[PDB]
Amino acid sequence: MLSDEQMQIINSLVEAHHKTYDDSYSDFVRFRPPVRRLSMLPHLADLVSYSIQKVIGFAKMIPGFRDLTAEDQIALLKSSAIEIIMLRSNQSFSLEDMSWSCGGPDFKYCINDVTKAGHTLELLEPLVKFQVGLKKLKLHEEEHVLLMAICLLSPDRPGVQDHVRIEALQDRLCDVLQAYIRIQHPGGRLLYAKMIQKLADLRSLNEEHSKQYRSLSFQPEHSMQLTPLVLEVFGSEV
């Protein structure tokens, strides 16, 4: 059975996600419009930039994150932002469409749209297979939120200083997730291990995306289409 402090963690984590993920997607109309040359890079740059702001907002409400040093907060967000974006995007992904559908057909993204923003199938094929296998997991909101917080608070990320403290935070969160699945998820005997595998998959997607981001950001005619926030977060500064 779950403890009261374990459930407060779940509560504040669910509230943090509802405050930072807007299921109406009505904010997307103020991105630079999509074009279907890298015709999709402006719109996807704005989507990712907007998403980074929401991840930062989510992190700030993870119990204990706000108490990390600013350098550790930055270090965790610089290494994990792209992974949390891939995880959180599962909420718009459709198994039927094999795409991310954000309200309108203007904001429905195919693999092919992402190729017109500079990425290759070396990234997009593992990414779509990741989305589908994650979507088939049929996670409760509690579990999806916990996995994002676990991903964010991983200590084996370059740049972290207070390894012990953030690993203790991640331990707490993992213990919550394991208990939640056991008590509250019928037939989830294998679910915790599957979700931990997904964390491994995200590392691999992070590395490929970082490879392909370096190729973009070294071409100023493309990097100039990015936003300041994207340049800061995906950049290589320490």
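A residue's number is simply how far along the shown sequence it sits, counting from 1. Throughout, rigid core stands for the largest set of C-alpha atoms superposing within 1.5 Å between the two forms.
Farther from the shown form on average, by C-alpha root mean square after a core fit in 9 other deposited structures of this protein, is 101 to 109, of the stretches 101 to 109 and 132 to 140.
Larger average C-alpha displacement in 9 other deposited structures of this protein, relative to the shown form after a rigid core fit, is seen for 178 to 186 when comparing 178 to 186 with 23 to 31. Going from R36 to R37, the model skips 10 or more deposited residues, which lack coordinates. When the C-alpha B-factors of 213 to 221 and 226 to 234 are averaged, 213 to 221 comes out higher. On average the C-alpha atoms of 174 to 182 have higher B-factors than those of the other stretch, with 48 to 56 and 174 to 182 being the two compared. Within the listed group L137, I84, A75, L147, the record reports its top CA B-factor for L137. Across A117, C110, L127, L152, the greatest Cα temperature factor reported in the deposited entry is at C110. Ranked within its chain, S80 lands in the lowest third, by CA B factor from the PDB record. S24: CA B factor lies in the highest third for its chain, per the PDB record.
Sorting the modelled residues of the chain by their CA temperature factor places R66 in the highest third. Among all modelled residues in its chain, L199 ranks in the middle third by Cα B-factor.
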